[PDB]
Amino acid sequence: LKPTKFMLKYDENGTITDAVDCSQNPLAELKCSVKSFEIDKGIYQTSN
Amino acid sequence: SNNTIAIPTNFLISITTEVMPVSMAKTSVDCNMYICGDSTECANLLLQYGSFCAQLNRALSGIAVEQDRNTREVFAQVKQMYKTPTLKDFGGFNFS
Amino acid sequence: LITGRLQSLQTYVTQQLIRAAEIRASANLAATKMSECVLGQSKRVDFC
Amino acid sequence: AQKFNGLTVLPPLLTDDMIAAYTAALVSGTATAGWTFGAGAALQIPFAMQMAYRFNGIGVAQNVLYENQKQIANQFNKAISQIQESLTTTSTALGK
Amino acid sequence: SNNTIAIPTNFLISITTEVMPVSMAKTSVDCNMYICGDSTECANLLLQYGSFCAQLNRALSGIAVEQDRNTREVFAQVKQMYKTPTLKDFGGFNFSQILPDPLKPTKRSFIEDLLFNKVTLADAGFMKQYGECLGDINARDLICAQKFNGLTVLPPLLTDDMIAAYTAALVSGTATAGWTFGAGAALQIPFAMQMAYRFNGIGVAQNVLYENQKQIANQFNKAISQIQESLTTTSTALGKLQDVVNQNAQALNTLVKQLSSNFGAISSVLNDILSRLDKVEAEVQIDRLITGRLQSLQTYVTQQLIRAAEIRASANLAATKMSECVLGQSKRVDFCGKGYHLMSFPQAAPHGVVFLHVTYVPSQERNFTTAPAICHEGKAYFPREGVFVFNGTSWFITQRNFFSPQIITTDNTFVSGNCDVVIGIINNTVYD
Amino acid sequence: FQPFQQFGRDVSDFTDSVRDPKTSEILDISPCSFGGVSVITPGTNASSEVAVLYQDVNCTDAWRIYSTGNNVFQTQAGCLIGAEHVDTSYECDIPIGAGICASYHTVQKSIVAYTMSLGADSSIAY
Ligand SMILES: *[C@@H]1O[C@H](CO[C@@H]2O[C@@H](C)[C@@H](O)[C@@H](O)[C@@H]2O)[C@@H](O[C@@H]2O[C@H](CO)[C@@H](O[C@@H]3O[C@H](CO[C@H]4O[C@H](CO)[C@@H](O)[C@H](O)[C@@H]4O)[C@@H](O)[C@H](O)[C@@H]3O)[C@H](O)[C@H]2NC(C)=O)[C@H](O)[C@H]1NC(C)=O
Ligand SMILES: *[C@@H]1O[C@H](CO[C@@H]2O[C@@H](C)[C@@H](O)[C@@H](O)[C@@H]2O)[C@@H](O[C@@H]2O[C@H](CO)[C@@H](O[C@@H]3O[C@H](CO)[C@@H](O)[C@H](O)[C@@H]3O)[C@H](O)[C@H]2NC(C)=O)[C@H](O)[C@H]1NC(C)=O
Ligand SMILES: *[C@@H]1O[C@H](CO[C@@H]2O[C@@H](C)[C@@H](O)[C@@H](O)[C@@H]2O)[C@@H](O[C@@H]2O[C@H](CO)[C@@H](O[C@@H]3O[C@H](CO)[C@@H](O)[C@H](O)[C@@H]3O)[C@H](O)[C@H]2NC(C)=O)[C@H](O)[C@H]1NC(C)=O
Ligand SMILES: *[C@@H]1O[C@H](CO[C@@H]2O[C@@H](C)[C@@H](O)[C@@H](O)[C@@H]2O)[C@@H](O[C@@H]2O[C@H](CO)[C@@H](O)[C@H](O)[C@H]2NC(C)=O)[C@H](O)[C@H]1NC(C)=O
Ligand SMILES: *[C@@H]1O[C@H](CO[C@@H]2O[C@@H](C)[C@@H](O)[C@@H](O)[C@@H]2O)[C@@H](O[C@@H]2O[C@H](CO)[C@@H](O)[C@H](O)[C@H]2NC(C)=O)[C@H](O)[C@H]1NC(C)=O
Ligand SMILES: *[C@@H]1O[C@H](CO)[C@@H](O[C@@H]2O[C@H](CO)[C@@H](O)[C@H](O)[C@H]2NC(C)=O)[C@H](O)[C@H]1NC(C)=O
Ligand SMILES: *[C@@H]1O[C@H](CO)[C@@H](O)[C@H](O)[C@H]1NC(C)=O
Ligand SMILES: *[C@@H]1O[C@H](CO)[C@@H](O)[C@H](O)[C@H]1NC(C)=O
C-alpha cells in the first residue's frame, strides 16, 4: 500500500461499486479534479 | 441672419484612425502549487480545508474561451480569402 | 496562511472577470464597426 | 517566478499571421469588389466607379469624382503618407 | 479589370434565426438558515459576529427587479393588443406556423412549441411543499436540499402565456398593419402592397414584386418550412439559453456542496461540535465556520452581479433589435440578418427571444462591359442613378442590384463639360 | 445500515440518518424550518396592516402559516393571506409575481390582489 487519493462511488444501497485512483494517469487526475466519472469531448487544464 | 446662407465651394479627403482593444491574455492558476508549493503536509492540510478553486478555474477558463470568441467575431467576418492583387494602383489610388 | 492565499486568488479572479466584461463590450463595438464601416457605407453621424 | 508559483499564460488560438491574412483579404476585397450591404458574393467593379457610387451615396454627383479624379487620388495618397509619418514618430497613439 | 462589372440577374428570399438571452433566474438567500441551520447557539453567535446579510439581500433583490425590467423592456413595446386574424394567408404568404392555432389547446405557435421543447429545465413550478420533500427523501432531490439550506428561487412576474400573447400581438400587427417608423396608430394595408413598399425600401421596383408574387410567396413558405424542419431535428441551436440555465443551477448546487468545508475547524458538523465541547471551546470552531460560510455567500453574490450585468447588456441589444428590425426596416449592414433586410418576426423562447429575419439576396450574376461616361455630340453624359452597360449589341442603363437594361434617354442622364476630361469615356448616341 | 454503521451523512456532511440504539430501526432526520415568505405593505405611513405570501403552501379548499386571517386564498404565486381578490384587471402597482399584482384600494381601504393587464384591447380588421 501507498498513501494516495481515491474517489469512491456509493450506489443507491450504500455499497461501494467503483473507484478512481487519482494518480494513475492524467485522465484520472482530471476525473478527480472535476469530481465526475464521465468527461465530455474537449481540452482541459491539469496540474503543473 | 434670416436672409443669408453659407454654402461650401470645395472639399477635401481626410483619413483618420481609431484604435480598439479586442482581447486580453488568457491565464490559468495551479491551486496547490501557489498555496503550498512542494510541501506534502501543506497539501494534505489544504485537502482537509476544502479549497474552492475548481470554481476559480471554471471562471478563468470561461474568460479564456471568451477571448478567442472576441477575436473570431471581429476578424473572421468574410468567408472567402481573396488573394492579394499583383497591381496596387487602381486608378491612382495607391494601396501599397 | 491558506486562508490568506485563497483570499488573494479570489480577488485576482474577480478583477479578471470585471476586466473581461469591459473587453467584451469593446470587442462587440469593434465587430459592429467592422460590419458597418468596412463592409458598407454608414449614414450614422460620427460612427465611422 | 510566475511559473514557479503556478501561474500560466496560454497562447491565443489565432496567430498573428492568421489575423494579418484576414486583414489582407478584407482590404483586397474592398479594393476589388467593395461589397455593399454585406459580404454576400463579390461583384467586381473598377475602383473609380466604386468611388463615384459612394459619392452618390453621400449625395454628390458622379461628375465631381470623375472630373477631379487625379486631385482626389493625390489627396488620398497624401493622407495615407501623413498617417504613416505620424505613426513613425514616437507617441502614445496606441495607449489603450 | 477596369472595364467590366458583374450584375445580379436573379434573387431569392432567405429567413435566418437569431437567439438572444433576456433574463435569468431570481434568487434569495436566508443567511441565518444557511449558516446556522436550526441551532439557537449558532444564531446567537452569528448575531454577536455582525453578519452582513442585509447587504447581500439588497444586491440580490436589485438583480431580481432588473430581470423583470429586462423582460418588460423587450416584449411590451406595443401598447395595443391586436387580435389574431381568422385568416392566415394574406396573398399566398402562409403565417399559420408563427401564430397560435385556435383548434389546438396550446396558447403558443408551432415554432414556439418546438423552441420550448429544445431547452430542458429542472425547476418547473416554483412550489415545493414540505410534505413532498419529506415523502420523497430517498430521491435526494437537489431542490429539496437547496430549500432546506435556505436558498429560494422566485417566479418571474410575466408568465409564459403573457409573453406568448405579446409575441402573437406583434406578429398580427406586422401582418395586418405593417408599421413604418414605430408603434403609433395602426394603418391597415394589404400584405402584398406592404411587401412592395419594403422592396422599394431596398431599391427595387414594385413591378418586380407584383409580377413574381407567386414565386416570392412560395420561397417565403419554403424558408419557413426549412426553419421548422431544422428546429425539429435535435441540435444545439439554443445553446445560449441552456448555458444560462446550467450556470444558475451549478452556482446553487456548488453553494449547497460547500457546506462540508472545515475552514480550519475540527469539524464541519455543528451538532458534533456542540455535543463534544462546552460553550467557550465551541465558540472558536463556530466562529471559524461562520467566517467561511459568509465568504462563500459573498462569492456567490458577486458572481451573480457580474452575470446579471452581462444579461442586461444582452437584453438591451435584444430590445434595440426588436425596435429597429420588427417595427421598422433597417439600413444598417448585417444588423437584422444577412443581406438586404425586408422584415422580422419575434418568437418567445425559455428566458429569451428568437428573431426570424426575412431578407433579399441577389444571385445568378453575369458580367458586362461598362464605361464611366458617354460622349455624345461632343458632350459628356453621366447617369443620375445607375450604370452604363453593354450587353453585346447596344448600350443601356442598368441598376447595380438588379439587371434591367433601359434605353439611354435624356430623362435618366445629365450633361457636364466636354469629352476631353473624363478618363475612359466612350462615344455613343442618346435618344430623346 | 451495515452492523458497523451507526450514523449517515449527506453530501453537505449533515447527519441525516441514524440507527435507534434500542430497537435498531433506521430513521431519517429532517430540518424543521422550510418555506419562503414575503410581506406586502402599502407603507407604514398609510397603514400598519400587511398581507403575507407563502410560496410553498397550497391553501386550496396543519397549514404552515403563522396566522390564518380573513381573505385567505391561493394564487399562482402561493397562498396569500390578508388581501381581497377582485376580478377586474389594472396596471401593476405592486408586483407579486406569476402575473399577479396587488394594490391599496377603497373597499376605509384594503389590500387587493388581481391579475395584471397587458395592454389596451383593439381589433384592426384586415
Ligand atoms: C393545490 O391543490 C389542488 C388540489 O385540490 C384539492 O385539495 C388539495 C389540498 C389536495 O387534497 C388535492 O388532492 C385536492 O385535489 C390542486 O388543484 C387540483 O389540480 C389537479 C391537477 O391539475 C386537478 O386534477 C384535474 O382536474 C380536472 C378536473 O376537472 C373537473 O374537476 C375540477 C375540480 O372539481 C373542476 O374545477 C373542473 O371544472 C371539472 O369539473 C381535470 O383536468 C382532471 O380530470 C383532473 O381531475 C384537480 O381538479 C384540481 N383540484 C381543484 C379543486 O382545483 C392545485 O393545482 C394545487 N395547486 C398548485 C399550485 O399546485
Ligand atoms: C505607391 O507608394 C509606394 C511607396 O512610396 C512610399 O510611401 C508613400 C506612402 C509615400 O510616402 C512615398 O513618398 C514613399 O516613397 C511607391 O513605391 C516607393 O516609391 C518611393 C519613391 O516615391 C521609393 O523610394 C525610393 O527608393 C530608392 C532608395 O532610396 C530610390 O529610388 C529613392 O531615393 C527613393 O528613396 C520606394 O523604394 C518605393 N517602394 C517602396 C516599397 O516604398 C510606389 O511607387 C507608389 N505607387 C505609385 C503607382 O505611384
Ligand atoms: C399553411 O401551412 C399549413 C401547415 O402546413 C404544414 O407546415 C408547412 C410549413 C409545410 O411544411 C406543410 O407541408 C405542412 O403540412 C397548412 O395546413 C396543413 O396542411 C398540411 C398539408 O399541407 C396538413 O397535413 C395533412 O394532414 C392530414 C393528416 O396527415 C392529411 O390530409 C395529410 O396526410 C397531411 O398530413 C395539415 O393538417 C394542415 N394543418 C396543419 C395545422 O398543419 C395550410 O394549408 C397552409 N395554408 C395554405 C393557405 O396553403
Ligand atoms: C439494492 O438491493 C436490492 C435488494 O437486494 C437484495 O436485498 C437486500 C436487502 C440485500 O440482502 C441484497 O444483498 C439482496 O441482493 C436490489 O434489488 C433486488 O435485487 C435482487 C438481486 O438481483 C433481486 O432478486 C430482487 O428482486 C431485487 N428487489 C427489488 C428490485 O425490489 C437492488 O438491485 C440493489 N440496487 C443496486 C443498484 O444494485
Ligand atoms: C432494550 O430494552 C427494550 C425495552 O426494555 C424493556 O422494556 C422496557 C419497557 C422496560 O421495562 C425495561 O426495563 C425492559 O428491559 C427492548 O424493547 C422491547 O423489545 C421486545 C422484544 O421482544 C418487545 O417485545 C418489547 O415490546 C420492547 N419494549 C418496548 C417498550 O418497546 C429492546 O429490545 C432492548 N434492546 C436490546 C438491543 O436488547
Ligand atoms: C441586348 O439587348 C437587346 C435589346 O433587348 C437585344 O436585342 C433584342 O433581341 C431580341 C431577340 O433576342 C429582339 O426581339 C428585339 O427586338 C431586340 N431589340 C432591339 C433590336 O432593340 C439583344 O439581343 C441583346 N444582346 C445580347 C447579346 O443578348
Ligand atoms: C484599363 O487599364 C489599361 C492598362 O493597360 C489601360 O490601357 C486602359 O486604358 C484602362 N481603361 C480604362 C477605361 O481606364
Ligand atoms: C403619508 O400619507 C399621508 C396621507 O396621505 C400624507 O399626508 C403624507 O404626506 C404621507 N407621507 C409622509 C407622512 O411622510
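Values in this text are rule-based calculations from the coordinates and carry no lab data. Reconstructed Cβ throughout: ideal geometry from the backbone, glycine too, with neighbour counts over all protein chains shown.
Summary table below
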quantity	calculated
Proximal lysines to A:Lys5, defined as alpha-carbon separation beneath 22 angstrom and excluding residues fewer than eight positions away on the same chain	A:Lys31, A:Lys35, E:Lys257
FRET efficiency estimate (nearest 0.05) - Cβ-Cβ, E:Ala313 to C:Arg44, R0 22 angstrom	0.65
Karplus-derived 3J(HN,Hα), 6.51/-1.76/1.60, for each residue of the range E:90-98, Hz, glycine and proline x	6, x, x, 8, 6, 9, 5, 6, 10
FRET efficiency, C:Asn28 to E:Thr410 (Cβ-Cβ, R0 51 Å, nearest 0.05)	0.55
Sparse-neighbourhood loop sites, trypsin sites (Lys or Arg not before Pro) in chain C - DSSP loop, at most 14 other Cβ within 10 angstrom	C:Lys43, C:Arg44
Cα-Cα P(r), chain F, percent of pairs per 5 Å interval	2, 9, 15, 15, 11, 8, 7, 7, 7, 6, 5, 3, 2, 1, 1, 0, 0
The range E:353-432: trypsin sites (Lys or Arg not before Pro) in DSSP coil with no more than 10 other Cβ atoms inside 10 Å	none
Assigned charges on the beta-carbon of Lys, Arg, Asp, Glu; the protein assembly as shown dipole about Cα centre (debye)	1980 debye
With Cα atoms, 0 to 90° folded angle of helix E:191-201 axis to chain E main axis	80 degrees
In nm, spacing of pseudo-spin labels at E:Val280 and E:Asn94 (7 Å Cα→C-beta vector)	8.5 nm
In degrees, nearest ten, helix C:2-33 long axis to first principal axis of chain C (Cα)	0 degrees
Degrees between helix B:53-75 axis and first principal axis of chain B (Cα, 0 to 90, nearest 10)	20 degrees
Unit Cα scatterers, Debye sum, the range E:133-263: log10 I(q)/I(0) for q = 0.09, 0.10, 0.12 Å⁻¹	-0.58, -0.66, -0.79
Kirkwood-based shape ratio for the range E:300-432, expressed as Rg/Rh from alpha carbons	1.29
Dipole of the protein assembly as shown, positive direction: furthest Cα of B:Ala76, E:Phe355, F:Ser48, with charges on the beta-carbon	B:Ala76
Size descriptor, Kirkwood hydrodynamic radius, that averages inverse alpha-carbon separations across the range E:42-186, Å	19.6 Å
Between chain C and the range D:1-26, the Cα center-to-center distance that results, in Å	17 Å
Reach of F:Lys109 by Cα under 17 Å, taken over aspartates and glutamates that are not fewer than 8 positions away in the same chain	F:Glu49, F:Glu84, F:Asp93
q = 0.13, 0.19, 0.28 Å⁻¹, the range E:36-111: log10 I(q)/I(0) [Debye, one scatterer per Cα]	-0.68, -0.98, -1.20
Convex hull volume per residue for the range E:1-71, taking Cα atoms only, in Å³	211 Å³
In sequence order, calculated HN-Hα J values of the range E:111-116 (Karplus, 6.51, -1.76, 1.60; Hz; x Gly/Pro)	5, 5, 4, 4, 5, 5
For the range A:8-48, alpha-carbon Rg and Dmax in angstrom	11.8, 38
Equivalent ellipsoid semi-axes, the range E:278-373, via Cα gyration tensor eigenvalues times 5, rooted, Å	59, 15, 11
A:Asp11 versus E:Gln213: modelled label distance in nm, points set 7 Å from Cα along the beta carbon direction	7.0 nm
17 Å Cα-Cα reach of E:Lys379 towards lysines, excluding residues that sit fewer than 8 places from it in its own chain	none
Share antiparallel - DSSP beta bridges, chain E, percent rounded to 5	95 percent
As computed over chain E, the Cα convex hull volume per residue (Å³)	219 Å³
Distance violations [Cα-Cα > 18 Å] among B:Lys88/D:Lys78; E:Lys79/E:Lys331; A:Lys9/E:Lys147; B:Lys88/D:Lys70; E:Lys147/E:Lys240	E:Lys79/E:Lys331; A:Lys9/E:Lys147; E:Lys147/E:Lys240
Kirkwood-based shape ratio for the range E:247-322, expressed as Rg/Rh from alpha carbons	1.27
For the protein assembly as shown, share of DSSP beta bridges that run antiparallel, in % to the nearest 5	90 percent
F:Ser33/E:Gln228 FRET efficiency (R0 45 Å; Cβ-Cβ; nearest 0.05)	0.35
Inverse of mean 1/r across different Cα pairs in the protein assembly as shown, Kirkwood, Å	32.7 Å
GluC sites (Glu not before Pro) restricted to DSSP loop in the range A:1-47 with at most 14 other C-beta within 10 Å	A:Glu12, A:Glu38
Stretch in chain E that is longest and holds no GluC sites (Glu not before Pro) that DSSP places in a loop and that have at most 13 other beta carbons within 10 Å	E:1-376
Given chain B, longest segment not containing exposed loop trypsin sites (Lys or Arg not before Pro) (DSSP; at most 14 other Cβ within 10 Å)	B:1-78
Free-standing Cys residues across the protein assembly as shown, given no other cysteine C-beta under 4.7 angstrom	F:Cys32
